[PDB]
Amino acid sequence: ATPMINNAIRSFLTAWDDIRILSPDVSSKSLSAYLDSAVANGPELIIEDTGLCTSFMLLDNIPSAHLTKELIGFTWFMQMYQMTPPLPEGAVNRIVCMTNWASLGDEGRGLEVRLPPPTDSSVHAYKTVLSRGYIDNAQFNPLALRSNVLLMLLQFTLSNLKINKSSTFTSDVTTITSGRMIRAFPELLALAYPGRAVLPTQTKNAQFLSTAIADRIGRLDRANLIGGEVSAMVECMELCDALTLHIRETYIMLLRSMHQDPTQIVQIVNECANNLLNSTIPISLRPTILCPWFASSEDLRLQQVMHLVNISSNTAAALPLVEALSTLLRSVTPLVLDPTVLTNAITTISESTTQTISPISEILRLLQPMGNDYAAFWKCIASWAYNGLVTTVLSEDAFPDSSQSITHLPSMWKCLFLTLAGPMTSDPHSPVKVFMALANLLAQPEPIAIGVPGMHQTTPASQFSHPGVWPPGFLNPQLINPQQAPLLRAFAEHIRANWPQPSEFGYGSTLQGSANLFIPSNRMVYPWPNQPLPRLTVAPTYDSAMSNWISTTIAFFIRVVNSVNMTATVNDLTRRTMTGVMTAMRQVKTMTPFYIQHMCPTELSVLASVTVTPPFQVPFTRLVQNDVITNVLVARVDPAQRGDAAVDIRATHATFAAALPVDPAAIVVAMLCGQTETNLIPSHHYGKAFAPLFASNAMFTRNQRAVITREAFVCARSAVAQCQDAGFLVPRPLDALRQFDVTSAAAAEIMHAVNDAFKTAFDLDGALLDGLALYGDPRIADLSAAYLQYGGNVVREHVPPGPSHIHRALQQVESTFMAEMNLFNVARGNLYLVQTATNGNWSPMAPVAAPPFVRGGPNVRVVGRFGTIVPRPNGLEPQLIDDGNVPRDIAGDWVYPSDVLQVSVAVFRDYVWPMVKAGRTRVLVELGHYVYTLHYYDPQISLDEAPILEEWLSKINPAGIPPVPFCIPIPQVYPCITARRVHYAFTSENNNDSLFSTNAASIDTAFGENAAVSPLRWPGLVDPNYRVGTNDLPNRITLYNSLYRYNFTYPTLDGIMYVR
Amino acid sequence: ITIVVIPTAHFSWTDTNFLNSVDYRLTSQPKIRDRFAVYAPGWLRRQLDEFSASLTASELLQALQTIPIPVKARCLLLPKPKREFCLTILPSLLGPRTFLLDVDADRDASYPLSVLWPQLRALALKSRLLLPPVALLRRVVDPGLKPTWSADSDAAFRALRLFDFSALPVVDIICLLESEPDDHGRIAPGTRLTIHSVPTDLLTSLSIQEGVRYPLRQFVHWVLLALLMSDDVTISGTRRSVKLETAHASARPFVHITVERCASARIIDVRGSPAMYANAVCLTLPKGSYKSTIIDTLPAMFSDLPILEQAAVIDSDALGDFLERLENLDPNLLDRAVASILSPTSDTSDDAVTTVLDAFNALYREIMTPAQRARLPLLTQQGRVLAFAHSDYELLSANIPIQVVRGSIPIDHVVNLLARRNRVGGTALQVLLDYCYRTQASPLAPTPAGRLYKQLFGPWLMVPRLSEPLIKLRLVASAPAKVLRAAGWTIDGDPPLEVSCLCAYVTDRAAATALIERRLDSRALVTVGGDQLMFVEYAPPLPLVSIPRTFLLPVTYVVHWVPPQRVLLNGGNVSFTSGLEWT
Amino acid sequence: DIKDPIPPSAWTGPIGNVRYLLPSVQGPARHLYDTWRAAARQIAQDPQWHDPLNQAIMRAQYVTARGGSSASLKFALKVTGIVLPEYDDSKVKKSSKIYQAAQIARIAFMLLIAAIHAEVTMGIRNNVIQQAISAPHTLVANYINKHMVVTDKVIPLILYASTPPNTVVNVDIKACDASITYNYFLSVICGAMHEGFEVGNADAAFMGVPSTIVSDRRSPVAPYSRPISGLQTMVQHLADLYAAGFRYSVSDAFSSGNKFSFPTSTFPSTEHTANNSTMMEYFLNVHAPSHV
């Protein structure tokens, strides 16, 4: 335990702080890839803000003195009149960004920034990213200022996404306004209406408040519809600001862009339920409802491809979705499996009890009663909505095995049960496998040609799983000659002419939208043809496509069992039983072939709009060699920026590999032997079953979360590509601020901040937008999805983000940030260090006249990239190696850029800094933007700024710099015999945009600066030419505008319609 | 306006009116108790508990939700069927007159209708009927916190200053902690973070007011106590759990704490949820935790008897035979000892930690596991013991029969560990020992340590506000007389001698009326007398649930002869057995 | 003694009681986790254990038709609970027979989520509700032991293995009972089963145990109450039982006054059979081709 450990312990102590203040700590990537568990809880969108919609607190910084003995009457506090002043009256009154300082409304969002005043440090709102463990406690990182400022504004534009809400506008019976109905409250009543203040003596506040117009207060024109009910929206003027109002107005515009009328919502519900769920709406005016429930389909396609990314790519993804759908499917179906009917139709075939092999016994043997409740039929029905994901392969154990001819009666029925349960599986190569099972079963009498070398006819049929190894006799039955294979040509003719042609039907509503990626929107595909749902009493039919497929494979295996190579070995009595069993199997009055063609699509098209995951389907393709979907693959990386412009889509995209094994003998029983109740109206039995699933608006939770995953995928594509140098087509208003660490490691730490901001602001708790940083590169995160058919025709379906709204809210915060950075304690310009021994007033932030020596000026030499100093011998001054690498002497004017000063503060502080305070040289510190800190002082006293500046150089590391300190005199209310102070640091551009007023209480500022209350931030109060509106937003932040107070009511689903 | 309520964790269902448990201070004033009309009927918790073994999460809600509040009767042998405010446990329609009450805490898993909470909350956020518990107090229901009209300054909002056992009041106080009040008396904004489930009598007895900027550094004990018993500390507003620090942790060190408002002040039931037996209970707190401030500091501030220090078996009492023995088992390995230390401090793990842990874990198996198996009756047989380990492996490797409640503390222990003066070795030797004591933890959710301190030192906070003297009654076993004399010992007058196994403090002569002389015998009791001390083993283990409520048993009780003057000469060694009663 | 423990930063945040394994940590612990989670996500989506006859078979395996041991009782252990047990209508002869334990509390399918006091005194030998809490632990172990009598599956073999063509290594694990601990083996198991049991319907009750909610604190920016399935509810009580070890109330009649209360981590069912194949599957494929 020496120095090696000691540094770590000390390092660890300093770099601990993110376990306290920051709710969102970037990239503690313990749990990077996080699973989208099927319990989406939905976000909270509706938060009232009954307080005043402002975010810039006028802060009483340095307080005016309570001087009472000498010089009375210079200050006039409003506290001596038992009243609170609307404007702060200290000796300096800074404006600062303190989010939701006056938001006493309902609830709170959390995640709110609050800059301390510039007298304090304020370098703990710019250490949100890339500053833990690199930097220490009292520094800000200038190489990553842009990435930290952008996240600081992202918490600014998220903590303000509330809804304005009116309080009770009482009248004002006192004599200050006389009847002007203001918005009454209990402390920010005099503080929200500056025009309402009683003005005693002519204070420095009062000579601005005396110019307040007397009708720019309170409500303006309330627009109530129904007389007696609560109003709709009320336009009122109070202390807000144009920046916070625009973020708060673009959020009500967000909610009005996902709410539809009661005649629109009811239609959507009916469309979702395929018109059986019966609901009525009252045709009467509900004047104030806002139901933020319906996202557009362009955002819903993004939520779907997001929920395919942050989920395990393998078999783990398919199971929850299928099982969840299966449970509903089994629960609401009218069809009841009852395998006694198949049993009583088979066992009553009179066989003889003298043969050693009972055919009847054998078929029953394989078909089993293992306790299976035949969910494998419903795990093969529910796996049709997800055939892009999970494909139902026939089970490898259930094939008729090789080394077993067609004489083998257990290996004969397994070939039959594979054929009947062929197209129930949603497998592309199943047809080949079903055909293969028989062709490998009698590979002695009937030799065909297998298309490749590497496998033969007696290869096990499970291996026929590639599209290329389909036998050419099966792709074209004319190649099989009936002189050699009379039985195997008839199977390839039977498969190609009785397999069910795929069809389509509609699900959901076309107003709400659909998350179908590859199919056209609000359309589902189906491996059998469909008919509309009947409202009559139903009976088992035989003219369906399933009952035709059943009664053709049975009619084929009758021809098999009465062949020539079959009649040779098996006795002539037992093949009468085998023909007797199959002919009694095709004539079983089963309800299931009617169920597939009719009831199950209307069963599927309702459950696909109530599940937690919308159906991801790919187009079905029977029997086509060139159009078998080999891969369905989803990309999380834009391949045009990855260099991968033209490689195949199996490489740039990630393939789904799920395969639910199903058994034929558990399907064939449910296929051949389902029945229903006699008096069964299918439309009645679904309306009795689909009524609890549409009972309330929890169906629109998947719909509501798709807005956030739209609006958090844009702000994690904006903020990543706006930090790093020239990314996507995102505008960069933050671009003068320095950003050096543009690496892929830093881009994950910014996305982890935007992910953890949206996960905290809306409180949604799934795994929103966490999928992308799985490959480690989030600076090229663009979603896509495609499927590559075997012919090569790959359907590339780009999914772009929708036209979001908080994209153009964050682009409005950063646009007005570059004019009002001093309100956020950032400063522009540079930093000078000349010796100035002023006796009068001093003003570092607001310099008068021209600055001395701007770069490139005559005799202004720039320090080189090292900042190195060559010592000269025997009594010469040590020169400084300049930018042109020729050692100029120190006594002059220097430009010292902050990157050079960060690696040379042991050379600055010993050599060129003693030539600053000796009045010999004047350096420039060329840093782009910085946090500033204002240490005030009593001006009538001795004060040297050299120990403050020597403290500032001692904290400068190769890591970051501390915030720049400036000594500013406290403005006194009387002429004072001021001592001559020696100052050094003063900025170049006018960074004094936040001094709201100085010594406001006083009667007049008599020394420091009389920066009185500027009426450019207040033209809603003190201007004659002011109109309603006129929020000159980009240029400056107003402070008194006419806003709107909405008074919505948010009903449930039972508040809109009636559902029974 | 009906208000549905799904009960919160450790919900008191017995001996406290529903109003006392669903945010008490609803039941403070009679001008605010009478406006509530509780409908949580007695049958419904017994009618619906039989059906939830098969009723689906959603299905139960749909059947249950449609129903009127005062129901009618049903069927043959009468099974009952499955004012301003109307509190109810039945989830109603959640309309404009039906508000879901949100108490900002986890719902319990004993309630059968608690599965309905993630479906009712999502239906409540799509409207606004998501009621906070403070809104039950004022005259108009608003679904938001600190509204426009009501500056919450009434006396019911302070939530402080208010038989009577096994059900303590509890507050989830949200406290603003400003940083340094530098720069001309103006204060840096600072932060605010709520501390869930702090017992109210820990705040009342230390005279804590609901709005005063208290100092913090001195930590003070009143915050260190409220952090220890407190269940969790979470950044205010959003649910992020944050571990505090006490040492020279970071700059701006939170000099002043002030409790601001009291979100959800309710009464929870701590009958026997963490501790199950009345024998001994250990915690597996980490190395740098705060064991020294609840063993002795909390009973130093009171003059009654929460503890007895002969028990309260501290951790590193198996150092009583190790810290300089583990250190002497690695002075030979050089840079992978020093290099290895860095890995524990840093986020990642290396290969130098393996040769230090496997030098420790081969050393722990040879010394301490004999020294822990030899320390059997000090752990579990001292009458009532309380123990402290570093891991559950510490008390399961030696076969020691005690319930091993795991423990997480809401104070970050590593940064407290690095400000540890005068320790054996360096401070880095602690971190080598702390990571070695952490990797044998066995992946079991760390139960919050406040949940156990709100049950042992829990009801003893309620003692200074009883306004009633305490009545000691004792669980006492009785030795036959000649069993002592037949072991070389001598006893006086040859009478059966009674040894008090466990003392307890009833408050109103209630336990005595039914409990006294009832001879509960399910845990048999077998005393062993040796040279200077006697151990007691309950052979059917005496459970903490069987102890009636309002009994109050003291932590760490040691066994004392009821007449110690009767014994003469302390002769011999020997173990007898007895049945026990209360008196 | 474990020469390579799982580091504590290899688990996720807790979800009530059990913890999930992180995807980063490979090794022999990952293959044990992956072979158990994949089998648990096959049992949770299955129609076999919802049939009433399969339930009555499963209740018939718990009261042992052959075997059993001297279990103590139940109502000296249900003073922790509130449920009073059945008593004799008429003179009762059987003393605490495994069958009697079933008889003692059969009111709510042989169990009741009012009976969560199954963790008080276990394994009494020198419980039918702990055998029924351990339903999904031997349901998954009977899926690992799919491929698994002596006369035809051992005697024929021993012979084939002994022929001097094929050389044969015989692997016998000493104390396979006392090697399954919650410090490594039994925490990966209960971690993997609680992960596999999410592909089932998350509100489906299993074997009479309902579908409670859970804390779920595995994400530090969003902990949220989550409704777990019925089979996961047994895992939260298995992890609260396997981590506290197994009580043993050994009171031998050979030694006179020797009565005890013994906790340990050894069970006197087929899991330390089931872990044998998967841990040798990782040897021949990953570990031994890595370095020999």
# chains A, B, ... in the order shown; residues from 1 in each chain; ligands from 1
call {"tool": "interface_residues", "arguments": {"of": "chain C", "to": "chain B", "cutoff": "8 Å", "atoms": "only C-alpha atoms", "output": "number ranges by chain"}}
result
C: 3, 5-8, 11, 14-19, 76, 79-81, 108, 113-114, 182-184, 187, 203-205, 208-215, 220-223, 225-227, 239, 243-245, 247, 259-264
call {"tool": "select_by_dssp", "arguments": {"residues": "stretch 180-346 of chain B", "states": "strand (DSSP E or B)", "output": "PDB file with C-alpha atoms, in the first residue's frame"}}
result
ATOM      1  CA  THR B 191     -30.580  19.492  -4.202  1.00  0.00           C
ATOM      2  CA  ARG B 192     -33.507  17.643  -2.668  1.00  0.00           C
ATOM      3  CA  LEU B 193     -33.833  13.912  -2.144  1.00  0.00           C
ATOM      4  CA  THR B 194     -36.487  11.898  -0.345  1.00  0.00           C
ATOM      5  CA  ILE B 195     -35.678   9.344   2.337  1.00  0.00           C
ATOM      6  CA  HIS B 196     -38.381   6.696   2.287  1.00  0.00           C
ATOM      7  CA  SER B 197     -39.950   5.052   5.365  1.00  0.00           C
ATOM      8  CA  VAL B 198     -38.285   6.929   8.208  1.00  0.00           C
ATOM      9  CA  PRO B 199     -39.992   6.092  11.532  1.00  0.00           C
ATOM     10  CA  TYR B 214     -30.425  22.192  10.426  1.00  0.00           C
ATOM     11  CA  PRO B 215     -26.642  21.754  10.295  1.00  0.00           C
ATOM     12  CA  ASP B 232     -34.375   3.984   0.958  1.00  0.00           C
ATOM     13  CA  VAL B 233     -33.192   7.398  -0.182  1.00  0.00           C
ATOM     14  CA  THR B 234     -34.306   8.433  -3.647  1.00  0.00           C
ATOM     15  CA  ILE B 235     -33.637  11.576  -5.638  1.00  0.00           C
ATOM     16  CA  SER B 241     -31.942   5.491  -5.749  1.00  0.00           C
ATOM     17  CA  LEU B 244     -25.244   9.196   0.157  1.00  0.00           C
ATOM     18  CA  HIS B 256     -27.217  21.983   5.812  1.00  0.00           C
ATOM     19  CA  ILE B 257     -30.178  19.607   5.822  1.00  0.00           C
ATOM     20  CA  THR B 258     -33.785  20.723   6.133  1.00  0.00           C
ATOM     21  CA  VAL B 259     -36.803  18.432   6.046  1.00  0.00           C
ATOM     22  CA  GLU B 260     -39.266  20.111   3.716  1.00  0.00           C
ATOM     23  CA  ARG B 261     -42.592  18.321   3.328  1.00  0.00           C
ATOM     24  CA  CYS B 262     -43.734  14.841   4.301  1.00  0.00           C
ATOM     25  CA  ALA B 263     -44.951  12.872   1.280  1.00  0.00           C
ATOM     26  CA  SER B 264     -47.050   9.871   2.413  1.00  0.00           C
ATOM     27  CA  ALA B 265     -46.968   9.466   6.180  1.00  0.00           C
ATOM     28  CA  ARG B 266     -48.402   6.031   6.948  1.00  0.00           C
ATOM     29  CA  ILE B 267     -48.374   3.248   9.536  1.00  0.00           C
ATOM     30  CA  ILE B 268     -46.668   0.036   8.493  1.00  0.00           C
ATOM     31  CA  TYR B 277     -37.454 -15.934  15.243  1.00  0.00           C
ATOM     32  CA  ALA B 280     -31.027 -14.315  16.907  1.00  0.00           C
ATOM     33  CA  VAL B 281     -30.865 -12.363  13.644  1.00  0.00           C
ATOM     34  CA  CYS B 282     -27.768 -11.300  11.698  1.00  0.00           C
ATOM     35  CA  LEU B 283     -27.161  -8.765   8.951  1.00  0.00           C
ATOM     36  CA  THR B 284     -24.697  -9.030   6.089  1.00  0.00           C
ATOM     37  CA  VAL B 313     -22.257  -9.656  18.244  1.00  0.00           C
TER      38      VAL B 313
END
call {"tool": "interface_residues", "arguments": {"of": "chain C", "to": "chain A", "cutoff": "6 Å", "atoms": "only C-alpha atoms", "output": "JSON, numbers by chain"}}
result
{"C": [47, 48, 199, 201, 222]}
call {"tool": "write_last_selection", "arguments": {"atoms": "C-alpha atoms", "output": "PDB file, in the first residue's frame"}}
result
ATOM      1  CA  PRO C  47     -49.869 -27.517 -22.383  1.00  0.00           C
ATOM      2  CA  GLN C  48     -48.775 -30.555 -20.397  1.00  0.00           C
ATOM      3  CA  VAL C 199     -41.970 -16.448 -22.245  1.00  0.00           C
ATOM      4  CA  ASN C 201     -47.963 -15.642 -19.976  1.00  0.00           C
ATOM      5  CA  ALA C 222     -36.071   3.093 -14.005  1.00  0.00           C
TER       6      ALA C 222
END
call {"tool": "closest_atom_pairs", "arguments": {"of": "chain B", "to": "chain A", "cutoff": "6 Å", "atoms": "only C-alpha atoms", "output": "Markdown table"}}
result
| residue | atom | partner | partner_atom | distance |
| --- | --- | --- | --- | --- |
| B:125 | CA | A:44 | CA | 5.5 |
| B:127 | CA | A:1050 | CA | 5.1 |
| B:144 | CA | A:106 | CA | 3.8 |
| B:145 | CA | A:107 | CA | 4.8 |
| B:147 | CA | A:105 | CA | 5.3 |
| B:148 | CA | A:185 | CA | 5.6 |
| B:149 | CA | A:185 | CA | 5.4 |
| B:237 | CA | A:110 | CA | 5.2 |
| B:238 | CA | A:110 | CA | 5.8 |
| B:249 | CA | A:13 | CA | 5.9 |
| B:250 | CA | A:14 | CA | 5.9 |
call {"tool": "residues_around", "arguments": {"residues": "residue C:286", "least_positions_apart": "6", "cutoff": "10 Å", "atoms": "only C-alpha atoms", "output": "MDAnalysis selection string"}}
result
chainID C and resid 27:28 31 280
call {"tool": "residues_around", "arguments": {"residues": "residue A:469", "least_positions_apart": "5", "cutoff": "9 Å", "atoms": "only C-alpha atoms", "output": "PyMOL selection string"}}
result
chain A and resi 450-452+455+464
call {"tool": "select_by_dssp", "arguments": {"residues": "stretch 522-763 of chain A", "states": "helix (DSSP H, G or I)", "output": "ChimeraX atom specification"}}
result
/A:545-561,564-567,574-583,592-607,649-652,665-672,682-687,699-711,715-723,744-761
call {"tool": "residues_around", "arguments": {"residues": "residue C:265", "least_positions_apart": "6", "cutoff": "7 Å", "atoms": "only C-alpha atoms", "output": "VMD selection string"}}
result
chain C and resid 178 181 245 to 246
call {"tool": "residues_around", "arguments": {"residues": "residue A:298", "least_positions_apart": "2", "cutoff": "8 Å", "atoms": "only C-alpha atoms", "output": "list in words"}}
result
residues 296, 300, 301, 302, 800, 801 and 802 of chain A
call {"tool": "write_last_selection", "arguments": {"atoms": "C-alpha atoms", "output": "compact mmCIF listing (two decimals), in the first residue's frame"}}
result
# COMPACT_ATOMS: atom_id res chain seq x y z
CA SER A 296 -49.54 8.10 -37.05
CA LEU A 300 -45.69 3.21 -35.26
CA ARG A 301 -43.41 1.54 -37.79
CA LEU A 302 -40.49 2.98 -35.84
CA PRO A 800 -37.24 6.88 -41.25
CA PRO A 801 -38.25 8.85 -38.15
CA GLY A 802 -41.49 10.73 -38.41
call {"tool": "residues_around", "arguments": {"residues": "residue C:124", "least_positions_apart": "6", "cutoff": "6 Å", "atoms": "only C-alpha atoms", "output": "number ranges by chain"}}
result
C: 71, 248-249
